[PDB]
Amino acid sequence: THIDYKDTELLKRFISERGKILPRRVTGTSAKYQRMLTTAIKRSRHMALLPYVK
Amino acid sequence: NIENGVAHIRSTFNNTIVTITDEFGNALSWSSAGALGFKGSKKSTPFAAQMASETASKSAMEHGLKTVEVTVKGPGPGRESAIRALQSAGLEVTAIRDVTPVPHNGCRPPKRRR
Amino acid sequence: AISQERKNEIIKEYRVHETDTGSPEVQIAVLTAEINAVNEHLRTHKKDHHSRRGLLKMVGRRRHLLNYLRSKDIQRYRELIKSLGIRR
Amino acid sequence: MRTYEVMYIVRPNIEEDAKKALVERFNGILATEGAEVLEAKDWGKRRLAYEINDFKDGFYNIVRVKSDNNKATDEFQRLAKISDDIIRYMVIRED
Amino acid sequence: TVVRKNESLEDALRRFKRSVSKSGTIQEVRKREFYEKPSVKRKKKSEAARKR
RNA sequence: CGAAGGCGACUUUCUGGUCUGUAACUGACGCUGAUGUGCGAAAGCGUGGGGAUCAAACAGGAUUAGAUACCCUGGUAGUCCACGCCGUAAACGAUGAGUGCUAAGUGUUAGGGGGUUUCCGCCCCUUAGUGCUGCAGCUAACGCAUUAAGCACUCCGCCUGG
């Protein structure tokens, strides 16, 4: 699914205040778990948890 | 009026220049890369502020900066010893703020940090 | 699902064959809804762009199946094109 | 279906009354017509990760929607930064 | 953002190095400034999970 | 993934379509080919930007016993995006697109059946592919091959001197 903003409870190891994702082999995941890692976390991680750049 | 001054250092890979300024923008003076015989962007050497920036800082004597806080926006060889002119007369190098911006990002581009 | 919003809202008059899944005579004149409905399937955030040729060779699919019925029997596609509200 | 999951934070340089004037909407008005903020998903003092609102701590009240219709999320995506207890939003169609 | 004290400045050769690289999204930082080519990196751009 | 040129920031979209596990079902309802389908990258291409970067020109420098050139900031446009594209690339597969195999193997993205469930992992079946090799076949050889440069049923076009 598209895990929402507080839906990083067992995933804030992956979340960061300042920009750290774990890619595929970093968690040993396939192309659904890594994919939620890289897309579905972002609703919590990017919009008001990561200043990209100015 | 002591303990007030920042060596806000605009040092890239070259161009070891640093303003011996206040903690915020008022800009007293400097021994920068246009100050100790050089011009800048080939001064990848500390002698902007190897020795002769604390010449300026102690000719001022108003900072008394126990915290001189070189603030960088890039690399530089002479920048780690651009703070030797904050150790020469000994103004107690205490911080290294080597950061590029992360405010956020105006529009269909103007531009800002990478 | 089998898109019962339309695929089996139109069966109320177009379930001409039972086990109507698959019997192409069932999906007789369901092409009428996707004129602007698929333009809303796209235009919100746009590009279901080749859905134009999709819907139009779907009209072609009607040519493939309703004429297959015409060959099965002419009175079939007559009932579906003469007495039907989508005429000719 | 335009189901908008709206990451909104309050401008956290606020009092509970200024929170109240805007989060009294995000339980009932965001329950209008299948908008369904599922409950008071407006938690207390969180941590403002990327610093906005010139306030150094996060009072992360956020509107969460899992639906298909999602009526009244536009009613504070329009009130997003005009607000005194919302800052931003997320434009997300989710069928 | 970094304050390091208690170090010499002819020894600042070692103090100016160690707060740089640590970021898993070091790219998703950079976003909207200065964007480049993978040409010689097409040896290694069939790559993991970007969109395929 | 697209008709291709090609397709890249991400929250999202249509998830269109791939996609494999189910496929719930009337009775040839398709490939190529009159139709017709669209564009195809740039050099260049019909408006503000554009000389901001880069940048030809010019400057200006000079190797050792040789420039204005490798050298380029000011800088000529151009570069570039909000209104028009050509039908060209090593778009090369030098290898056209339907029915199916050629001992087959191979680890694997997807989606599944699962045992064991693990602590989300070990083992078996799996295919669009993914690669790897590798049987037959292949041509002179390059070298191709369960996914052709083979094998038996479809069309296309090419040309039998250039």
# chains A, B, ... in the order shown; residues from 1 in each chain; ligands from 1

call {"tool": "select_by_dssp", "arguments": {"residues": "range 2-46 of chain C", "states": "helix (DSSP H, G or I)", "output": "MDAnalysis selection string"}}
result
chainID C and resid 11:14 30:32 37:43

call {"tool": "residues_around", "arguments": {"residues": "residue 48 in chain A", "least_positions_apart": "6", "cutoff": "10 Å", "atoms": "only C-alpha atoms (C1' of nucleotides)", "output": "mmCIF file with N, CA and C atoms, in the first residue's frame"}}
result
data_model
loop_
_atom_site.group_PDB
_atom_site.id
_atom_site.type_symbol
_atom_site.label_atom_id
_atom_site.label_comp_id
_atom_site.auth_asym_id
_atom_site.auth_seq_id
_atom_site.Cartn_x
_atom_site.Cartn_y
_atom_site.Cartn_z
ATOM 1 N N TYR A 5 1.464 8.977 6.784
ATOM 2 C CA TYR A 5 2.482 9.840 7.386
ATOM 3 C C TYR A 5 2.979 9.247 8.697
ATOM 4 N N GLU A 17 15.097 12.385 9.646
ATOM 5 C CA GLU A 17 14.969 13.832 9.635
ATOM 6 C C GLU A 17 15.711 14.461 8.465
ATOM 7 N N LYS A 42 7.743 7.629 1.278
ATOM 8 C CA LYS A 42 7.973 9.008 0.869
ATOM 9 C C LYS A 42 6.831 9.948 1.241
ATOM 10 N N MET D 7 -0.638 15.571 3.699
ATOM 11 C CA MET D 7 0.333 15.890 4.738
ATOM 12 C C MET D 7 0.174 17.371 5.023
ATOM 13 N N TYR D 8 -0.488 17.669 6.130
ATOM 14 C CA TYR D 8 -0.559 19.007 6.682
ATOM 15 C C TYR D 8 0.066 18.975 8.068
ATOM 16 N N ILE D 9 0.891 19.972 8.362
ATOM 17 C CA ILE D 9 1.346 20.246 9.721
ATOM 18 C C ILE D 9 0.710 21.554 10.138
ATOM 19 N N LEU D 48 9.499 18.691 14.408
ATOM 20 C CA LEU D 48 9.565 19.315 13.091
ATOM 21 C C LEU D 48 10.891 18.950 12.436
ATOM 22 N N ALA D 49 10.831 18.077 11.427
ATOM 23 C CA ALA D 49 12.051 17.488 10.879
ATOM 24 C C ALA D 49 12.793 18.475 9.985
ATOM 25 N N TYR D 50 12.172 18.907 8.887
ATOM 26 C CA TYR D 50 12.666 20.032 8.103
ATOM 27 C C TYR D 50 11.963 21.285 8.603
ATOM 28 N N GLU D 51 12.751 22.308 8.915
ATOM 29 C CA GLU D 51 12.275 23.398 9.764
ATOM 30 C C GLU D 51 11.468 24.384 8.934
ATOM 31 N N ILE D 52 10.192 24.490 9.286
ATOM 32 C CA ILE D 52 9.265 25.412 8.655
ATOM 33 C C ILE D 52 8.536 26.174 9.758
ATOM 34 N N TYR D 60 2.548 18.054 15.109
ATOM 35 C CA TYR D 60 2.120 17.405 13.869
ATOM 36 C C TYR D 60 0.691 16.885 14.010
ATOM 37 N N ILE D 87 0.062 24.383 7.446
ATOM 38 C CA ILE D 87 1.111 24.960 6.607
ATOM 39 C C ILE D 87 0.972 24.522 5.150
ATOM 40 N N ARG D 88 0.888 23.221 4.902
ATOM 41 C CA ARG D 88 1.088 22.690 3.558
ATOM 42 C C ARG D 88 0.075 21.580 3.319
ATOM 43 N N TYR D 89 0.274 20.842 2.235
ATOM 44 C CA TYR D 89 -0.676 19.838 1.809
ATOM 45 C C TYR D 89 0.068 18.792 0.989
#

call {"tool": "interface_residues", "arguments": {"of": "chain F", "to": "chain E", "cutoff": "10 Å", "atoms": "only C-alpha atoms (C1' of nucleotides)", "output": "PyMOL selection string"}}
result
chain F and resi 1+8-10+109-110

call {"tool": "interface_residues", "arguments": {"of": "chain F", "to": "chain C", "cutoff": "6 Å", "atoms": "only C-alpha atoms (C1' of nucleotides)", "output": "count of residues only"}}
result
6

call {"tool": "atom_distance", "arguments": {"atom1": "CA of residue 5 in chain B", "atom2": "CA of residue 54 in chain D"}}
result
24.6 Å

call {"tool": "residues_around", "arguments": {"residues": "range 32-35 of chain D", "least_positions_apart": "3", "cutoff": "10 Å", "atoms": "only C-alpha atoms (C1' of nucleotides)", "output": "ChimeraX atom specification"}}
result
/D:3-4,25-29,38,64-73
